[PDB]
file protein_31.txt (compact mmCIF, C-alpha atoms)
# COMPACT_ATOMS: atom_id res chain seq x y z
CA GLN Y 1 4.12 31.07 -46.77
CA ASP Y 2 4.02 28.38 -49.72
CA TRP Y 3 1.32 26.59 -51.73
CA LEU Y 4 1.27 23.54 -49.44
CA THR Y 5 0.72 25.56 -46.24
CA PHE Y 6 -1.85 27.82 -47.96
CA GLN Y 7 -3.92 24.74 -48.85
CA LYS Y 8 -3.80 23.35 -45.31
CA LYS Y 9 -4.76 26.73 -43.83
CA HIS Y 10 -7.31 27.96 -46.36
CA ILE Y 11 -8.78 25.23 -48.58
CA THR Y 12 -11.62 22.98 -47.46
CA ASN Y 13 -13.41 20.15 -49.27
CA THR Y 14 -16.55 20.75 -47.19
CA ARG Y 15 -18.52 24.00 -46.91
CA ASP Y 16 -19.58 23.18 -43.35
CA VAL Y 17 -16.20 23.48 -41.64
CA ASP Y 18 -16.09 22.11 -38.09
CA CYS Y 19 -14.58 25.31 -36.64
CA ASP Y 20 -14.43 24.22 -32.97
CA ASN Y 21 -12.56 21.09 -34.02
CA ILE Y 22 -10.10 22.45 -36.59
CA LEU Y 23 -9.35 25.87 -35.01
CA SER Y 24 -8.38 24.26 -31.70
CA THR Y 25 -5.48 22.39 -33.34
CA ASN Y 26 -1.86 23.60 -33.14
CA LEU Y 27 -1.86 25.03 -36.68
CA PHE Y 28 -4.57 27.58 -35.88
CA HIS Y 29 -4.07 27.67 -32.07
CA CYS Y 30 -7.49 29.18 -31.29
CA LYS Y 31 -6.99 32.36 -33.36
CA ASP Y 32 -9.87 34.86 -33.61
CA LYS Y 33 -10.81 33.94 -37.17
CA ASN Y 34 -9.84 32.07 -40.31
CA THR Y 35 -11.34 32.05 -43.79
CA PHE Y 36 -11.61 28.78 -45.70
CA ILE Y 37 -12.23 28.60 -49.44
CA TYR Y 38 -14.60 25.80 -50.49
CA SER Y 39 -13.18 24.84 -53.86
CA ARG Y 40 -10.98 22.37 -55.70
CA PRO Y 41 -7.26 23.37 -55.56
CA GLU Y 42 -6.86 24.09 -59.30
CA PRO Y 43 -9.34 27.02 -59.55
CA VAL Y 44 -7.55 28.65 -56.58
CA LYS Y 45 -4.01 28.09 -57.88
CA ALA Y 46 -5.05 29.42 -61.31
CA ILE Y 47 -5.57 32.88 -59.74
CA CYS Y 48 -1.79 33.28 -59.66
CA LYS Y 49 -0.86 31.87 -63.08
CA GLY Y 50 2.02 33.75 -64.72
CA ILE Y 51 2.86 35.85 -61.65
CA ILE Y 52 6.46 35.35 -60.49
CA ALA Y 53 7.47 38.07 -58.01
CA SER Y 54 5.28 38.51 -54.88
CA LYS Y 55 2.11 40.41 -55.73
CA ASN Y 56 -1.32 40.77 -54.13
CA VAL Y 57 -4.14 39.83 -56.50
CA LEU Y 58 -7.91 40.12 -56.21
CA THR Y 59 -9.87 37.22 -57.72
CA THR Y 60 -11.83 37.96 -60.90
CA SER Y 61 -14.35 35.25 -60.02
CA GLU Y 62 -16.37 34.68 -56.86
CA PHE Y 63 -15.76 31.71 -54.57
CA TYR Y 64 -17.60 29.90 -51.79
CA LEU Y 65 -16.18 31.15 -48.49
CA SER Y 66 -16.54 29.54 -45.05
CA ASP Y 67 -15.50 31.82 -42.20
CA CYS Y 68 -14.84 30.73 -38.64
CA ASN Y 69 -15.29 33.76 -36.38
CA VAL Y 70 -14.77 33.49 -32.63
CA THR Y 71 -17.72 34.12 -30.32
CA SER Y 72 -17.77 35.59 -26.80
CA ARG Y 73 -16.48 32.22 -25.57
CA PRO Y 74 -12.73 31.70 -26.28
CA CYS Y 75 -11.95 29.14 -29.03
CA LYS Y 76 -15.66 28.61 -29.74
CA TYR Y 77 -16.75 29.74 -33.18
CA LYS Y 78 -19.67 30.53 -35.44
CA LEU Y 79 -19.52 29.48 -39.09
CA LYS Y 80 -20.53 32.10 -41.64
CA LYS Y 81 -20.93 31.02 -45.26
CA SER Y 82 -20.86 33.49 -48.14
CA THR Y 83 -19.75 34.03 -51.73
CA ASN Y 84 -17.26 36.78 -52.48
CA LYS Y 85 -13.99 37.67 -54.18
CA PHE Y 86 -10.80 37.55 -52.13
CA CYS Y 87 -7.25 38.87 -52.11
CA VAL Y 88 -4.23 36.56 -52.03
CA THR Y 89 -0.48 37.03 -52.24
CA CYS Y 90 0.80 35.35 -55.40
CA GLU Y 91 4.41 34.15 -55.57
CA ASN Y 92 5.88 31.95 -58.34
CA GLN Y 93 2.45 31.15 -59.80
CA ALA Y 94 0.76 30.02 -56.58
CA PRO Y 95 -1.15 31.57 -53.65
CA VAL Y 96 1.10 31.77 -50.57
CA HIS Y 97 -0.82 34.07 -48.24
CA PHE Y 98 -4.45 35.04 -47.70
CA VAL Y 99 -4.86 38.81 -47.45
CA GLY Y 100 -8.57 39.44 -47.07
CA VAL Y 101 -12.11 39.18 -48.38
CA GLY Y 102 -13.56 41.57 -50.95
CA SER Y 103 -10.52 43.72 -51.66
CA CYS Y 104 -6.73 43.95 -51.54
call {"tool": "encode", "arguments": {"input": "protein_31.txt", "output": "structure tokens"}}
result
Amino acid sequence: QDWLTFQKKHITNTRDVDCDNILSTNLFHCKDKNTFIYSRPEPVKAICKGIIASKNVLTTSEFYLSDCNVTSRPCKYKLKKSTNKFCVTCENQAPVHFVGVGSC
């Protein structure tokens, strides 16, 4: 819902996200899945440069993605690493929402 919350929810400084640890916290509250982007903040914020009004944008470059997907056991996850483009909601030159992987 802003740049600061987007970073906390979707940016990681490690590709091997500890899903069972982080997803069990109050911010994620054991949700079914969450996608983390393994990258420095600048390359991610740059996706939205020049865009003022809310608009969904698909990245032109590929990024390292770390997905935490829930297993058959509640709040227990499997980490899936991949490289793909993603869709984000840009508002006032910064990503504020994560839409999805591969397409908008």
call {"tool": "residues_around", "arguments": {"input": "protein_31.txt", "residues": "residue 61 of chain Y", "least_positions_apart": "2", "cutoff": "12 Å", "atoms": "all atoms listed in the file", "output": "JSON, numbers by chain"}}
result
{"Y": [43, 44, 46, 47, 57, 58, 59, 63, 64, 83, 84, 85, 86, 87, 102]}
call {"tool": "atom_distance", "arguments": {"input": "protein_31.txt", "atom1": "atom CA of residue 37 of chain Y", "atom2": "atom CA of residue 69 of chain Y"}}
result
14.4 Å
call {"tool": "atom_distance", "arguments": {"input": "protein_31.txt", "atom1": "atom CA of residue 12 of chain Y", "atom2": "atom CA of residue 34 of chain Y"}}
result
11.7 Å
call {"tool": "residues_around", "arguments": {"input": "protein_31.txt", "residues": "residue 49 of chain Y", "least_positions_apart": "2", "cutoff": "10 Å", "atoms": "all atoms listed in the file", "output": "PyMOL selection string"}}
result
chain Y and resi 44-47+51-52+90-95
call {"tool": "residues_around", "arguments": {"input": "protein_31.txt", "residues": "residue 3 of chain Y", "least_positions_apart": "2", "cutoff": "9 Å", "atoms": "all atoms listed in the file", "output": "PDB file with C-alpha atoms, keeping the file's coordinate frame"}}
result
ATOM      1  CA  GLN Y   1       4.120  31.070 -46.770  1.00  0.00           C
ATOM      2  CA  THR Y   5       0.720  25.560 -46.240  1.00  0.00           C
ATOM      3  CA  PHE Y   6      -1.850  27.820 -47.960  1.00  0.00           C
ATOM      4  CA  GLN Y   7      -3.920  24.740 -48.850  1.00  0.00           C
ATOM      5  CA  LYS Y   8      -3.800  23.350 -45.310  1.00  0.00           C
ATOM      6  CA  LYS Y  45      -4.010  28.090 -57.880  1.00  0.00           C
ATOM      7  CA  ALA Y  94       0.760  30.020 -56.580  1.00  0.00           C
ATOM      8  CA  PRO Y  95      -1.150  31.570 -53.650  1.00  0.00           C
ATOM      9  CA  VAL Y  96       1.100  31.770 -50.570  1.00  0.00           C
ATOM     10  CA  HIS Y  97      -0.820  34.070 -48.240  1.00  0.00           C
TER      11      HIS Y  97
END
call {"tool": "atom_distance", "arguments": {"input": "protein_31.txt", "atom1": "atom CA of residue 104 of chain Y", "atom2": "atom CA of residue 74 of chain Y"}}
result
28.7 Å
call {"tool": "closest_residue", "arguments": {"input": "protein_31.txt", "among": "Y:15, Y:33, Y:40, Y:55", "to": "residue 89 of chain Y", "atoms": "all atoms listed in the file"}}
result
Y:55
call {"tool": "closest_residue", "arguments": {"input": "protein_31.txt", "among": "Y:4, Y:68, Y:79, Y:88", "to": "residue 30 of chain Y", "atoms": "all atoms listed in the file"}}
result
Y:68
call {"tool": "closest_residue", "arguments": {"input": "protein_31.txt", "among": "Y:22, Y:2, Y:62, Y:38", "to": "residue 81 of chain Y", "atoms": "all atoms listed in the file"}}
result
Y:38
call {"tool": "closest_residue", "arguments": {"input": "protein_31.txt", "among": "Y:14, Y:50, Y:75, Y:9", "to": "residue 31 of chain Y", "atoms": "all atoms listed in the file"}}
result
Y:75
call {"tool": "closest_residue", "arguments": {"input": "protein_31.txt", "among": "Y:56, Y:25, Y:66, Y:72", "to": "residue 98 of chain Y", "atoms": "all atoms listed in the file"}}
result
Y:56
call {"tool": "closest_residue", "arguments": {"input": "protein_31.txt", "among": "Y:10, Y:54, Y:82, Y:101", "to": "residue 27 of chain Y", "atoms": "only C-alpha atoms"}}
result
Y:10
